[PDB]
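Here the protein sequences come in this chain order: L, H, M, Bb, Ab, Aa, Ap, C and S. Taking PDB author numbering, the leading residue of the first sequence gets 2, the next gets one more, and so forth. Taking PDB author numbering, the leading residue of the second sequence gets 1, the next gets one more, and so forth. Taking PDB author numbering, the leading residue of the third sequence gets 1, the next gets one more, and so forth. Taking PDB author numbering, the leading residue of the fourth sequence gets 1, the next gets one more, and so forth. Taking PDB author numbering, the leading residue of the fifth sequence gets 2, the next gets one more, and so forth. Taking PDB author numbering, the leading residue of the sixth sequence gets 2, the next gets one more, and so forth. Taking PDB author numbering, the leading residue of the seventh sequence gets 2, the next gets one more, and so forth. Taking PDB author numbering, the leading residue of the eighth sequence gets 25, the next gets one more, and so forth. Taking PDB author numbering, the leading residue of the ninth sequence gets 103, the next gets one more, and so forth.
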Amino acid sequence: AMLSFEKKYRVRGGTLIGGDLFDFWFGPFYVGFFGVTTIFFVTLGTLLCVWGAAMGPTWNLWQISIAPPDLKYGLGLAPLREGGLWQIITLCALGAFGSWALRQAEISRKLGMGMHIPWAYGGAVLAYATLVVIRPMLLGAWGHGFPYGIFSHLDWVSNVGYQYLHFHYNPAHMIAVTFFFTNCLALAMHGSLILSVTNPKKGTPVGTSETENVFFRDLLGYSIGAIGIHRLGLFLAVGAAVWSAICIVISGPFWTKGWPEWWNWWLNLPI
Amino acid sequence: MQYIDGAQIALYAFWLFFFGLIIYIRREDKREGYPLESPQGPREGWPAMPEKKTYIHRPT
Amino acid sequence: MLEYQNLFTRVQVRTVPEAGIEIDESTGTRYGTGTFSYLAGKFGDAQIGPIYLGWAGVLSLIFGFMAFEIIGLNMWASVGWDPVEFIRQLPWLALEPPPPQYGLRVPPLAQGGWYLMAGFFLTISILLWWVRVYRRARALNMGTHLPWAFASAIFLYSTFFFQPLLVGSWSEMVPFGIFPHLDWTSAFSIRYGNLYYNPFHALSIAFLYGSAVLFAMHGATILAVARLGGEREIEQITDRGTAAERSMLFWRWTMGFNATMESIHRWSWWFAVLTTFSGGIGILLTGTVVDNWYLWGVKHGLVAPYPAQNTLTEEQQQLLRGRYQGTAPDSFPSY
Amino acid sequence: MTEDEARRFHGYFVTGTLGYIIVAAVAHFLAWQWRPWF
Amino acid sequence: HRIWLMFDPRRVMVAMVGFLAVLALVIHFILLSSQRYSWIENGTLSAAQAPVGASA
Amino acid sequence: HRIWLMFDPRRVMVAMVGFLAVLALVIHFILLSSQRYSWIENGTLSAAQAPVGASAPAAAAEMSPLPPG
Amino acid sequence: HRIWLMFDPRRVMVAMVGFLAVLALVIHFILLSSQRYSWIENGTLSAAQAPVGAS
Amino acid sequence: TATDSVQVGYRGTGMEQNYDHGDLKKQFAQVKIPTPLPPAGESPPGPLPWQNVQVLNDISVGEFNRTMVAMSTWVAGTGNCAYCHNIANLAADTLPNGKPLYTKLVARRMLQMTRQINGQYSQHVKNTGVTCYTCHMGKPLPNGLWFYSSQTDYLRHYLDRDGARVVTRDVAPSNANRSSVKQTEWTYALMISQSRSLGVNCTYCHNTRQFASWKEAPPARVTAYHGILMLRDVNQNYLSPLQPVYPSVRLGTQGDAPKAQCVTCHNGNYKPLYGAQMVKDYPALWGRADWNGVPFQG
Amino acid sequence: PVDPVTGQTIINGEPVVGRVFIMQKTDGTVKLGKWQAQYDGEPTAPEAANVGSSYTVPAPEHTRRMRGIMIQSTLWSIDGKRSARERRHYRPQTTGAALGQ
Ligand SMILES: CCCCCCCCCCCCCC(=O)OC[C@H](COP(=O)(O)OCC(O)COP(=O)(O)OC[C@@H](COC(=O)CCCCCCCCCCCCC)OC(=O)CCCCCCCCCCCCC)OC(=O)CCCCCCCCCCCCC
Ligand SMILES: CCCCCCCCCCCCCC(=O)OC[C@H](COP(=O)(O)OCC(O)COP(=O)(O)OC[C@@H](COC(=O)CCCCCCCCCCCCC)OC(=O)CCCCCCCCCCCCC)OC(=O)CCCCCCCCCCCCC
Ligand code: BCL
Ligand code: BCL
Ligand code: BCL
Ligand SMILES: CC[C@H]1c2cc3[nH]c4c(c3C)C(=O)[C@H](C(=O)OC)c4c3nc(cc4[nH]c(cc(n2)[C@@H]1C)c(C(C)=O)c4C)[C@@H](C)[C@@H]3CCC(=O)OC/C=C(\C)CCC[C@H](C)CCC[C@H](C)CCCC(C)C
Ligand SMILES: CC[C@H]1c2cc3[nH]c4c(c3C)C(=O)[C@H](C(=O)OC)c4c3nc(cc4[nH]c(cc(n2)[C@@H]1C)c(C(C)=O)c4C)[C@@H](C)[C@@H]3CCC(=O)OC/C=C(\C)CCC[C@H](C)CCC[C@H](C)CCCC(C)C
Ligand SMILES: COC(C)(C)C/C=C/C(C)=C/C=C/C(C)=C/C=C/C(C)=C/C=C\C=C(C)\C=C\C=C(C)\C=C\C=C(C)\C=C\CC(C)(C)OC
Ligand code: HEC
Ligand code: HEC
Ligand SMILES: [Fe+3]
């Protein structure tokens, strides 16, 4: 099945690895070399997640938890019973996340597009890599990563946040939250703006680009561009993930005490 | 009753609302490029493609 | 070297400022003429244009400035009117809610009366701003999607009034302060047993992350086809060009399914709205239907098992029993 | 690049590389006299 | 040599200097963080007094 | 002298000054945060009285810097 | 001299004054935060009574 | 930085303690422990030759002198009998001019306080009791001295206020628990102080997924609770009643005696003095019949 | 039980070839049950709060200007400025008649 305009776009070329062997479509999906690599890592990682569930006490979806090894194993590959299975799944996830990004770059190259989508996705991958690779390496043990469980990884976030007695006082966390909140507000504004022009008051014609700019100047005194809003949305969403990666990588590797005590520098200014 | 409580009822009402909303948005997603072309003939997923939507333009 | 990533604008045009589409000016008017910012034109549109002011806007500004003045003056009085301490300690200062024993009755002025007055004025200002947004939308013959998107956030904001009233005390309200409202957030989660196990809280988390994911995806997609004219979304909606086709095809080949140039904005709208809607429901159920979300999660099979880290003997079980917190001592005893 | 200045560059690169290694060898000789690591 | 017809001398020289500077800084900071070669504090000690790892 | 036809002199000075200034500040601040060379506080002590790092140390019994775990 | 041909004097002057102003503030503030040279508090002490680091 | 991590809970739960290597090494090095005095356990079995000894009435003369030199070096520095005594007559509780020697009354009361801590609160100081050194650190004034400030000061949790629980033991709200968010903030502040007094975080004593659970928490929480009780017995019965003995310079602005908290003994460490054991070599200080099965000479 | 001669484990009267261990899940974890069951092995419910039957108004010098609950642990525990510590409380007051004015 193809869209009514899809046939003329399904051409060869644009791949980073391979030729006509991996230049086909399986149903709607495009399969490249990195499509094949994605399926390998997804299948291996998911099957090992199912095995970790079978080793545990329950099949309940919310209660399944595959935990990282103890801190005493210290950057080694622990026994698979004792957390080594978590490390293997982590490698499969890294390979699948990397393959997904490279597969996206191949698709945009075939369509004559920019490379923005792979790099925007790389912000999320960087945050994940900080959580399970960079910060655990700086702290010296793979056991500093979070467990793989729907509600188990919420317990990790709670306990890690309270390792600094008040995680709200983290300066980088405060900035990252502002990025997340502003992004949600801007997305609601952008979604409303396009829909209100395209679906206007009943019986009236569809509005124009002037209508958007006039409306937001009337409301706020300033109207970002049609390209400005898409630049801002990319900046807010990706910057939220980048500031999240900073906020967690400075807790422990750089700051070990409580986060409220960090604000001594502001209170001890000479003035 | 005893096991059933207000939070669970509200959660399931939200689940029904979310599934309805997803069906509506998926219907809206099929307003361009449909019906699909296949060797076996025309194809539409669930939800089916909606009626043709026409816009209104200002007079010249 | 690298291609043009459409991240900034190097060549900017200047014309006469856009005065604006003619609208009804009986109960309001446009102020200013429209200036141009060179720094703002690099990122988006350069015009710092005229702003519309009417009945609802003026009333909203008056009420909101009254609330802001009350909050700031109470903050300043809390440091003894010291300007150096006012700036130095500003993140830690607060306008605190009334004491718990007053319930919903009127507190003393220095012990929560100012708080309630400022909250009332802020609520009136927010509602008047909603009216202003609605009127601005319908003056240009636009649809009212932004008013209802704003109403969702107003609903979440108003749960911070309705939950304390449902539990029966204004002491449970959010203090006005940078660090203090974070303190309230933490203590509210602790008091009601780990808000991570509130299902509507998890739902709002999911919609917040989904909003970030959707905006990253849409922004990258539009910037990737901006050289084909994809940033003119209204045109690509009423007359589908090759930029919309390429966006659709990219996401269909990547994911197996896609949206249109119009319905991706519906996705965005609904994710952003559902964030605050589910959050407001979750806050409303806390302390009124469920008093311990961890125990509710244990009830409904949400809590993963861990090995026990301690065990207590029966005498230890009786001794380690504590007391619920009560009143502070109003006397200084002599021993 | 006329392939002839590559020979000119190679002589300078080789002497600079070998001279840097000899100087670093003396630095390791001095550090050994101060505090041997074996 | 013919290798410079294959690799740009400027790109190689910049990359090599950047690698050597990073390598030198890493080694100096690894020794500084160690106990035996924390020379800013214990550098005046003789080789017999310098700390040695445990025989265990 | 020929190295200036391979690298722009303006770029090298800016890179040189930036690297030397950063390195000088890093070394000065590393010494200032140490115990032996905190010259602002202890600069008037002679070499005999200046602090020295611990030599090959002894052990301790029942005293641990880290809690059990 | 010929350095002003390679570098604009106006740009050099601004960068130099900005660097010197920052350096002087950093040194003055580092001494103010110390114990031996907290001159606003202990400036009237003689050199023998001024604080000295331990050992 | 170099970080030291100690795992205190189950793997993957996030229950860990972090320390900066440089700060911890410096703090461990700077702490010095006084070497124990050579034992003196041979004396004739005769009557006690003393005039005004009311606490150390079951201790041999040689042990008496040993522990009293130990008290001197623990509190007032080596020698320095003049901090608590008239040199000419050590049996005098008053100065020649008539005014009492308040230091000697305080020391006599705090011998009893140390014995009470070691004997009746082994559930906290188990096999690692306290001497004068643990609080005094070789100086007359210990750390963590607090006085009457205001009604809402959380340190009064250690004097005369009981009750800190705010979490409901049910799924549905009832009148059994009507704790406010503000009381939760009060408990949060008290526990922030407790964490900072030991150099640990929340997870040292809690699984923060449920703060009210003891089964999911490390055993230290139980120990911590006992500490609170012990403080309420030291502050109410020993430190506070000493109010009419101090000079005015030792009291607070309300004229109350100094009181102690967790940081008075711990000084920012998980154990006082990193768990050094000293009282085992000083039988006059522990009010037990046997320390580790080592009998009390009597 | 163990065979007296061979040492083999016997299960339902049949010997087992191998070293028998009792099967368990990951680190001996057991699925949770009802929420009430969370309180077995835990201390019993805490006693009712101590609520004063009367209130006496403290002197102004004993009253905090700041009404934030966590101000003592988040700011004051790290702030040592004497001016701020002075501003922390209200100042003593009197009347003009008491001063003779
Ligand atoms: C929320 C509401 C909506 C929720 C839902 C949202 C859905 C979103 C997506 C929308 C589209 C879905 C439909 C779709 O993808 O259809 C594809 C296909 C039609 O494909 P086609 O158009 O005929 O194919 C075109 C083209 O590929 C023709 O090539 P050819 O015909 O030569 O195919 C060669 C392929 C296939 O040969 C194989 O052997 C592949 C078999 C894959 C499935 C079985 C897996 C297990 C055995 C594995 C092999 C064993 C040895 C043979 O050969 C290839 O190599 C193709 C690429 C394969 C992937 C890359 C290589 C990976 C190699 C490493 C990993 C190996 C496996 C571990 O049609 C169907 O399969 C019909 C059924 C569709 C509905 C799904 C039914 C699922 C049932 C099971 C559900 C289980 C739930 C847990
Ligand atoms: C607490 C405060 C919170 C926070 C506050 C919450 C407040 C309520 C928010 C509700 C959602 C609003 C969504 C939205 O886009 O709003 C902007 C729109 C702007 O419209 P306008 O400016 O008046 O004019 C624009 C209009 O011409 C075009 O609007 P657009 O197309 O963008 O969206 C409006 C409609 C779509 O319109 C159509 O479909 C009409 C097309 C021609 C007729 C269709 C064929 C004939 C059908 C006949 C049978 C059908 C006849 C209806 O979109 C919507 O209204 C949203 C639809 C998706 C959401 C519902 C999905 C299903 C949910 C249930 C699932 C159940 C389980 C399966 O404003 C409106 O009021 C739109 C109309 C809303 C209709 C439903 C009202 C429901 C009220 C319920 C409570 C009433 C008191 C008890
Ligand atoms: C515990 C560790 C020791 C110590 C052990 C070492 C050791 C061992 C070495 C260094 C080296 C260096 N150390 Mg160290 N170092 C210590 C403390 C310091 C401190 C400090 C503030 O404490 C500083 C600033 C330095 C700084 C330096 C640099 C000078 C140098 C690393 C960069 C480099 O390659 O430069 C490049 C600098 C140069 C001078 C290179 C000059 C190269 C030219 C091309 C030579 C030309 C020769 C001629 C023309 C050709 C002959 C050709 C044929 C042979 C005939 N060290 C402490 C006390 N350090 C390395 C080094 O290179 O030392 C020389 C090295 O191997
Ligand atoms: C007691 C607990 C603490 C606390 C402790 C922490 C800790 C600890 C951390 C955060 C982090 C974050 N916190 Mg918190 N936090 C608290 C309270 C809050 C509050 C609030 C209202 O009070 C807010 C808004 C936030 C906000 C946030 C964000 C800034 C950030 C999470 C986003 C992120 O990292 O995305 C980044 C995105 C990702 C990691 C996702 C990557 C996804 C990958 C690439 C792809 C997955 C694909 C998937 C497998 C596909 C599946 C199959 C298909 C569906 C078919 N915190 C309290 C005070 N917070 C986290 C952070 O910064 O992390 C970096 C973090 O670790
Ligand atoms: C220890 C702390 C607790 C916790 C306690 C809470 C509490 C308590 C709440 C949340 C809520 C939220 N939390 Mg949580 N949260 C924690 C951990 C997290 C983590 C994480 C990293 O683990 C994340 C990602 C989040 C994320 C989120 C959001 C999804 C959600 C708020 C939505 C929103 O847009 O709010 C921002 C949007 C608004 C406030 C809407 C209203 C805005 C108004 C209209 C603005 C008016 C401004 C006015 C005009 C200008 C200023 C005027 C002056 C004041 C005078 N929390 C832990 C478990 N969280 C909320 C929720 O819904 O929970 C169910 C909530 O109340
Ligand atoms: C700018 C940063 C934000 C963002 C952006 C972003 N995400 C993106 C993109 C972009 C721009 C894509 O293009 C990409 C995409 O294709 O979307 C359709 C994607 C995407 N974002 C996703 C999810 C996601 N993003 C998140 C975060 C965010 N993404 C940030 C907020 C989160 C969070 C916060 O939790 C999630 C869950 C996917 C839907 C998709 C990437 C799909 C992908 O990588 O697929 C390949 C892998 C699989 C199909 C499964 C692999 C399974 C593993 C092998 C085993 C288990 C893995 C994991 C360790 C399990 C842990 C579970 C527990 C934590 C519960
Ligand atoms: C979909 C949910 C998200 C959402 C949506 C949303 N918010 C919205 C809207 C929408 C759709 C609007 O239409 C509306 C709007 O107009 O946006 C531009 C609004 C809005 N969201 C706002 C804020 C906001 N939204 C937030 C969050 C969110 N908004 C959600 C994430 C938050 C958070 C994270 O807490 C905040 C703070 C406002 C910008 C605006 C509503 C404006 C309003 O109601 O104003 C009332 C007026 C006053 C209070 C008067 C204030 C007076 C000044 C304080 C005094 C000035 C004195 C002096 C002149 C200057 C002093 C300078 C200092 C103050 C710096
Ligand atoms: C010189 O400077 C001056 C003083 C002149 C001006 C300066 C002012 C400054 C610096 C102000 C600073 C303000 C700051 C920092 C404010 C911070 C605000 C924050 C962070 C607020 C965060 C959250 C607050 C919330 C969520 C509050 C919600 C309150 C509500 C919903 C209250 C509702 C109350 C109602 C409806 C009351 C009704 C009254 C009746 C009597 C009807 O019911 C009781
Ligand atoms: C304050 C901490 C003291 C120091 C520095 C010294 N002693 Fe000393 N002394 C102190 C206390 C509380 C008592 C009474 C103990 C009790 O009542 O149980 C004493 C008493 C004595 C005595 C016996 C008094 C008598 O004969 O009636 C002696 C002989 C004595 N103290 C000696 C002594 C020595 C040798 C010290 C070493 C420098 C010393 N004291 C210091 C309190 C303190
Ligand atoms: C060991 C020294 C602990 C540290 C570190 C933390 N807490 Fe704790 N907690 C501890 C005890 C002994 C008690 C009971 C005290 C009593 O008088 O009953 C508590 C109790 C709490 C509670 C209340 C639990 C309830 O059922 O209501 C909370 C909410 C709590 N603690 C939180 C908390 C926080 C936020 C901490 C770090 C800042 C923290 N605890 C550390 C022992 C110890
Ligand atoms: Fe858009």
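No residue lacks a Cβ here, since even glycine has one placed at the ideal position from N, Cα and C.
Would you verify that the beta carbon of residue i is, or is not, closer than 8 Å to some beta carbon of chain S?
i, result
"L/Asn265", "yes"
"C/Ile111", "no"
Straight-line CA distance for residue i to residue j?
i, j, result
"M/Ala153", "L/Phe182", "11 Å"
"S/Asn152", "M/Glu172", "20 Å"
"Aa/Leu26", "M/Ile70", "48 Å"
"L/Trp244", "C/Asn104", "59 Å"
"Aa/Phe30", "Aa/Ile41", "12 Å"
"M/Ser60", "M/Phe155", "18 Å"
So what does residue i bridge to, in DSSP terms?
i, result
"S/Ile113", "S/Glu116"
"C/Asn231", "C/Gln234"
"C/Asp44", "C/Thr27"
Taking only beta-carbon positions, decide if residue i is within less than 8 Å of chain C.
i, result
"S/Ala186", "no"
"L/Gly99", "no"
"M/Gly103", "no"
"S/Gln126", "no"
Is any beta-carbon of chain Bb found at less than 8 Å from that of residue i?
i, result
"Ab/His29", "no"
Got a sec: is the Cβ-Cβ distance from residue i to anything in chain L below 8 Å?
i, result
"C/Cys229", "no"
"M/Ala212", "yes"
Would you grab the beta carbon distance between residue i and residue j for me? Rounded to a whole angstrom, and I think it's under 8 Å.
i, j, result
"M/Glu315", "S/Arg189", "The Cβ separation is near 49 Å, so there is no contact."
Are the CB atoms of residue i and residue j nearer to each other than 8 Å?
i, j, result
"M/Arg30", "M/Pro50", "yes"
"Bb/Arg35", "Ab/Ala48", "yes"
"M/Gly280", "M/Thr185", "no"
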